[PDB]
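Shown next: final-v2.txt, containing compact mmCIF, N, CA and C atoms.
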```txt
# COMPACT_ATOMS: atom_id res chain seq x y z
N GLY A 404 0.79 -1.22 0.00
CA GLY A 404 0.00 0.00 0.00
C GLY A 404 0.82 1.28 0.00
N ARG A 405 0.48 2.18 0.92
CA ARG A 405 0.90 3.58 0.85
C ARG A 405 2.39 3.75 0.55
N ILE A 406 3.26 3.19 1.38
CA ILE A 406 4.69 3.42 1.18
C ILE A 406 5.17 2.79 -0.12
N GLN A 407 4.66 1.61 -0.46
CA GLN A 407 5.05 0.99 -1.72
C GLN A 407 4.52 1.75 -2.92
N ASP A 408 3.31 2.31 -2.82
CA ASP A 408 2.81 3.16 -3.90
C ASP A 408 3.73 4.34 -4.15
N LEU A 409 4.25 4.95 -3.09
CA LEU A 409 5.09 6.12 -3.25
C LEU A 409 6.40 5.73 -3.92
N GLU A 410 7.03 4.65 -3.46
CA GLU A 410 8.26 4.18 -4.09
C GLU A 410 8.02 3.86 -5.55
N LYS A 411 6.87 3.25 -5.86
CA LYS A 411 6.56 2.95 -7.25
C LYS A 411 6.35 4.24 -8.03
N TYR A 412 5.66 5.21 -7.44
CA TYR A 412 5.38 6.46 -8.12
C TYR A 412 6.65 7.26 -8.36
N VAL A 413 7.58 7.24 -7.41
CA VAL A 413 8.83 7.96 -7.57
C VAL A 413 9.60 7.41 -8.76
N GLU A 414 9.69 6.10 -8.87
CA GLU A 414 10.42 5.54 -10.00
C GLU A 414 9.72 5.80 -11.32
N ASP A 415 8.39 5.66 -11.37
CA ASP A 415 7.69 5.92 -12.63
C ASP A 415 7.82 7.37 -13.09
N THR A 416 7.76 8.33 -12.17
CA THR A 416 7.96 9.73 -12.56
C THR A 416 9.37 9.94 -13.11
N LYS A 417 10.38 9.41 -12.42
CA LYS A 417 11.77 9.56 -12.82
C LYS A 417 12.02 8.95 -14.19
N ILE A 418 11.49 7.75 -14.44
CA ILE A 418 11.72 7.08 -15.71
C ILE A 418 11.12 7.88 -16.86
N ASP A 419 9.93 8.43 -16.67
CA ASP A 419 9.34 9.24 -17.73
C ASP A 419 10.17 10.48 -18.03
N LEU A 420 10.76 11.10 -17.01
CA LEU A 420 11.53 12.31 -17.26
C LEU A 420 12.86 12.03 -17.95
N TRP A 421 13.54 10.94 -17.59
CA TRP A 421 14.75 10.58 -18.32
C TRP A 421 14.44 10.05 -19.71
N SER A 422 13.35 9.32 -19.87
CA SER A 422 13.01 8.84 -21.20
C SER A 422 12.72 10.01 -22.13
N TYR A 423 12.04 11.03 -21.62
CA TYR A 423 11.84 12.24 -22.41
C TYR A 423 13.16 12.92 -22.73
N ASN A 424 14.00 13.13 -21.72
CA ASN A 424 15.28 13.78 -21.92
C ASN A 424 16.11 13.07 -22.99
N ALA A 425 16.16 11.75 -22.95
CA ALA A 425 16.97 11.02 -23.91
C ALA A 425 16.43 11.19 -25.32
N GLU A 426 15.11 11.13 -25.48
CA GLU A 426 14.52 11.28 -26.81
C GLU A 426 14.82 12.66 -27.38
N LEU A 427 14.61 13.70 -26.57
CA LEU A 427 14.86 15.06 -27.02
C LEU A 427 16.34 15.32 -27.27
N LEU A 428 17.21 14.81 -26.39
CA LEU A 428 18.65 15.00 -26.56
C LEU A 428 19.13 14.54 -27.93
N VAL A 429 18.77 13.32 -28.33
CA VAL A 429 19.21 12.82 -29.62
C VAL A 429 18.60 13.66 -30.74
N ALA A 430 17.31 13.97 -30.62
CA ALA A 430 16.64 14.77 -31.64
C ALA A 430 17.27 16.14 -31.81
N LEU A 431 17.62 16.82 -30.71
CA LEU A 431 18.25 18.12 -30.88
C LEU A 431 19.65 18.00 -31.47
N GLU A 432 20.47 17.11 -30.91
CA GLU A 432 21.82 16.93 -31.42
C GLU A 432 21.83 16.45 -32.86
N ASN A 433 20.92 15.54 -33.20
CA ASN A 433 20.93 14.99 -34.55
C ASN A 433 20.54 16.04 -35.59
N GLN A 434 19.49 16.82 -35.32
CA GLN A 434 19.14 17.92 -36.21
C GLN A 434 20.30 18.89 -36.40
N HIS A 435 20.97 19.27 -35.31
CA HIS A 435 22.08 20.21 -35.41
C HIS A 435 23.27 19.61 -36.16
N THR A 436 23.58 18.34 -35.91
CA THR A 436 24.68 17.69 -36.62
C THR A 436 24.45 17.66 -38.12
N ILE A 437 23.23 17.31 -38.54
CA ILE A 437 22.88 17.32 -39.96
C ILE A 437 22.98 18.73 -40.52
N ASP A 438 22.61 19.73 -39.72
CA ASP A 438 22.71 21.12 -40.16
C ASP A 438 24.16 21.57 -40.23
N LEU A 439 25.00 21.10 -39.31
CA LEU A 439 26.40 21.52 -39.33
C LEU A 439 27.15 20.90 -40.50
N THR A 440 26.80 19.67 -40.89
CA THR A 440 27.47 19.05 -42.03
C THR A 440 27.07 19.74 -43.33
N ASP A 441 25.81 20.16 -43.42
CA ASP A 441 25.35 20.93 -44.57
C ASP A 441 26.03 22.30 -44.63
N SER A 442 26.19 22.93 -43.47
CA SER A 442 26.87 24.22 -43.40
C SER A 442 28.29 24.16 -43.94
N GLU A 443 29.06 23.15 -43.55
CA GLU A 443 30.43 23.06 -44.04
C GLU A 443 30.48 22.98 -45.56
N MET A 444 29.55 22.24 -46.18
CA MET A 444 29.54 22.18 -47.63
C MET A 444 29.23 23.54 -48.24
N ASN A 445 28.25 24.24 -47.69
CA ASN A 445 27.90 25.56 -48.22
C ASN A 445 29.06 26.53 -48.06
N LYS A 446 29.74 26.48 -46.91
CA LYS A 446 30.89 27.36 -46.70
C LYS A 446 31.97 27.07 -47.74
N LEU A 447 32.21 25.79 -48.02
CA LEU A 447 33.21 25.42 -49.01
C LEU A 447 32.80 25.92 -50.39
N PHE A 448 31.52 25.76 -50.73
CA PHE A 448 31.02 26.25 -52.00
C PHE A 448 31.18 27.76 -52.08
N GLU A 449 30.80 28.46 -51.02
CA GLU A 449 30.93 29.92 -51.00
C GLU A 449 32.40 30.33 -51.04
N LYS A 450 33.25 29.61 -50.30
CA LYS A 450 34.67 29.92 -50.32
C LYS A 450 35.23 29.74 -51.72
N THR A 451 34.85 28.66 -52.40
CA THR A 451 35.32 28.46 -53.76
C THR A 451 34.77 29.57 -54.64
N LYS A 452 33.50 29.90 -54.45
CA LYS A 452 32.90 30.97 -55.23
C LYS A 452 33.66 32.27 -55.02
N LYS A 453 33.98 32.59 -53.76
CA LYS A 453 34.67 33.85 -53.51
C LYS A 453 36.07 33.87 -54.10
N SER B 107 -3.77 3.02 3.61
CA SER B 107 -3.28 1.82 2.94
C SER B 107 -4.40 0.85 2.57
N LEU B 108 -5.37 0.65 3.46
CA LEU B 108 -6.47 -0.25 3.15
C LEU B 108 -7.31 0.27 2.00
N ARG B 109 -7.69 1.54 2.05
CA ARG B 109 -8.41 2.17 0.95
C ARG B 109 -7.67 2.00 -0.37
N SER B 110 -6.35 2.18 -0.37
CA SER B 110 -5.58 2.10 -1.60
C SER B 110 -5.58 0.68 -2.15
N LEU B 111 -5.41 -0.31 -1.29
CA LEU B 111 -5.28 -1.68 -1.74
C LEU B 111 -6.59 -2.24 -2.26
N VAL B 112 -7.71 -1.85 -1.67
CA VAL B 112 -9.00 -2.26 -2.23
C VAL B 112 -9.23 -1.58 -3.57
N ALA B 113 -9.03 -0.27 -3.62
CA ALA B 113 -9.20 0.49 -4.86
C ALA B 113 -8.40 -0.06 -6.02
N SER B 114 -7.12 -0.37 -5.80
CA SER B 114 -6.29 -0.88 -6.89
C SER B 114 -6.73 -2.25 -7.37
N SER B 115 -7.27 -3.08 -6.48
CA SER B 115 -7.71 -4.40 -6.91
C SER B 115 -8.90 -4.31 -7.85
N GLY B 116 -9.83 -3.42 -7.57
CA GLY B 116 -10.88 -3.15 -8.52
C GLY B 116 -12.00 -4.16 -8.58
N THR B 117 -12.23 -4.91 -7.51
CA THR B 117 -13.30 -5.90 -7.48
C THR B 117 -13.76 -6.06 -6.05
N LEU B 118 -15.05 -6.27 -5.88
CA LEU B 118 -15.64 -6.58 -4.59
C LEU B 118 -16.10 -8.02 -4.53
N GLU B 119 -15.65 -8.85 -5.46
CA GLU B 119 -15.98 -10.27 -5.47
C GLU B 119 -15.74 -10.89 -4.11
N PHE B 120 -16.78 -11.48 -3.54
CA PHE B 120 -16.73 -12.02 -2.19
C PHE B 120 -17.20 -13.46 -2.26
N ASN B 121 -16.46 -14.35 -1.61
CA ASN B 121 -16.85 -15.74 -1.50
C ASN B 121 -17.03 -16.06 -0.02
N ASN B 122 -18.21 -16.55 0.35
CA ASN B 122 -18.40 -16.91 1.75
C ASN B 122 -17.55 -18.12 2.06
N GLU B 123 -17.01 -18.17 3.26
CA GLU B 123 -16.22 -19.31 3.68
C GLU B 123 -16.74 -19.80 5.03
N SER B 124 -16.75 -21.12 5.21
CA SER B 124 -17.25 -21.75 6.44
C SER B 124 -16.20 -21.88 7.54
N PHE B 125 -16.16 -20.90 8.44
CA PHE B 125 -15.30 -21.01 9.60
C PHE B 125 -16.04 -21.83 10.65
N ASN B 126 -15.30 -22.62 11.42
CA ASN B 126 -15.95 -23.39 12.48
C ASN B 126 -15.98 -22.58 13.78
N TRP B 127 -17.06 -21.83 13.98
CA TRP B 127 -17.26 -21.05 15.20
C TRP B 127 -18.13 -21.80 16.20
N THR B 128 -17.81 -23.05 16.50
CA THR B 128 -18.57 -23.80 17.48
C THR B 128 -18.39 -23.20 18.87
N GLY B 129 -19.51 -22.87 19.53
CA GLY B 129 -19.46 -22.39 20.89
C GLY B 129 -19.77 -20.93 21.11
N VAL B 130 -20.03 -20.14 20.07
CA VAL B 130 -20.32 -18.72 20.22
C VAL B 130 -21.56 -18.38 19.41
N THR B 131 -22.19 -17.26 19.77
CA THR B 131 -23.34 -16.75 19.04
C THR B 131 -22.92 -15.97 17.81
N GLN B 132 -23.53 -16.30 16.68
CA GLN B 132 -23.25 -15.67 15.40
C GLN B 132 -24.31 -14.63 15.05
N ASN B 133 -24.05 -13.89 13.98
CA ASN B 133 -24.99 -12.92 13.41
C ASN B 133 -25.42 -11.85 14.41
N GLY B 134 -24.48 -11.36 15.20
CA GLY B 134 -24.71 -10.22 16.06
C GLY B 134 -25.23 -9.01 15.31
N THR B 135 -25.97 -8.12 15.98
CA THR B 135 -26.78 -7.10 15.33
C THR B 135 -26.85 -5.90 16.25
N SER B 136 -27.06 -4.71 15.67
CA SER B 136 -27.03 -3.49 16.46
C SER B 136 -28.10 -2.52 15.99
N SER B 137 -28.57 -1.69 16.92
CA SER B 137 -29.54 -0.66 16.61
C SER B 137 -28.94 0.59 15.99
N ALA B 138 -27.63 0.67 15.88
CA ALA B 138 -27.01 1.80 15.21
C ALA B 138 -26.93 1.62 13.71
N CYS B 139 -27.15 0.40 13.22
CA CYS B 139 -27.03 0.07 11.81
C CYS B 139 -28.27 -0.73 11.40
N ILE B 140 -29.35 -0.02 11.11
CA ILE B 140 -30.64 -0.59 10.73
C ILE B 140 -30.75 -0.69 9.21
N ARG B 141 -31.08 -1.89 8.72
CA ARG B 141 -31.25 -2.11 7.29
C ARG B 141 -32.67 -1.83 6.82
N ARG B 142 -33.64 -2.59 7.30
CA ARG B 142 -35.04 -2.43 6.91
C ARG B 142 -35.87 -2.38 8.19
N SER B 143 -35.58 -1.36 8.99
CA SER B 143 -36.19 -1.09 10.28
C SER B 143 -35.89 -2.18 11.30
N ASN B 144 -35.06 -3.16 10.94
CA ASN B 144 -34.58 -4.15 11.88
C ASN B 144 -33.10 -3.88 12.15
N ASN B 145 -32.68 -4.23 13.36
CA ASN B 145 -31.27 -4.19 13.71
C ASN B 145 -30.45 -5.14 12.85
N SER B 146 -29.30 -4.68 12.37
CA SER B 146 -28.48 -5.52 11.50
C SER B 146 -27.02 -5.16 11.73
N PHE B 147 -26.17 -5.44 10.75
CA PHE B 147 -24.75 -5.21 10.92
C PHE B 147 -24.10 -5.16 9.54
N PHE B 148 -22.79 -4.95 9.51
CA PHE B 148 -22.07 -5.00 8.25
C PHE B 148 -22.28 -6.36 7.62
N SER B 149 -22.72 -6.36 6.37
CA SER B 149 -23.06 -7.62 5.71
C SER B 149 -21.87 -8.57 5.61
N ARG B 150 -20.65 -8.05 5.55
CA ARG B 150 -19.47 -8.89 5.34
C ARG B 150 -18.74 -9.27 6.62
N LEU B 151 -19.16 -8.79 7.77
CA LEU B 151 -18.53 -9.10 9.04
C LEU B 151 -19.51 -9.91 9.86
N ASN B 152 -18.99 -10.74 10.75
CA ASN B 152 -19.81 -11.63 11.55
C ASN B 152 -19.51 -11.36 13.02
N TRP B 153 -20.44 -10.71 13.70
CA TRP B 153 -20.26 -10.34 15.10
C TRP B 153 -20.53 -11.53 16.00
N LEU B 154 -19.49 -12.01 16.67
CA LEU B 154 -19.62 -13.16 17.55
C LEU B 154 -19.85 -12.62 18.94
N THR B 155 -20.80 -13.20 19.65
CA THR B 155 -21.04 -12.86 21.04
C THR B 155 -21.08 -14.14 21.86
N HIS B 156 -21.27 -14.00 23.16
CA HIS B 156 -21.33 -15.13 24.07
C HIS B 156 -22.53 -16.02 23.79
```
Could the structure of this file be written out as structure tokens, please?
Amino acid sequence: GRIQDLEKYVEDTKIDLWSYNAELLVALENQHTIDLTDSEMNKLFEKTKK
Amino acid sequence: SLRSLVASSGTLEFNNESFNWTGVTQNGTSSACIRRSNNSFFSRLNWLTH
């Protein structure tokens, strides 16, 4: 009952918050990495153009 | 804790069981808990008296 419910609730809240953090972390880093690799190509193109 | 444990189970399924109460009076009843203008008691508890 009561005390076990709280221990269960503490872990379930924590797991949801880390699972969210992990999903968002990869999504933010991955979008930026793809953008940074595209940027280097554009810079090289512009550098060659200049 | 009791409220929580009943609530989580989600059923009031009750099976009567035959305890051997040889030697005491069964089906005790009170005027504080009247069902149909007769003295009665909690339906699921069995008040034993002398």
### Message
I need the chain A residues near chain B as a ChimeraX atom specification; criterion: at most 10 Å, counting only C-alpha atoms.
### Response
/A:404-408
### Query
atom N of residue 115 of chain B and atom CA of residue 411 of chain A are how many Å apart?
15.1 Å
#### Entry: DSSP strand (DSSP E) residues within segment 109-155 of chain B, listed as a ChimeraX atom specification
/B:136-140,145-146
### Two-atom distance - atom C of residue 147 of chain B, atom N of residue 125 of chain B (Å)
17.7 Å
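Atom N of residue 441 of chain A is positioned 27.0 Å from atom C of residue 422 of chain A.
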### Task
Choose the residue, out of B:142, B:156, B:116, B:149, that has the smallest atom-to-atom separation from residue 130 of chain B; count all atoms listed in the file.
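Of B:142, B:156, B:116, B:149, the one nearest residue 130 of chain B is B:156, counting all atoms listed in the file.
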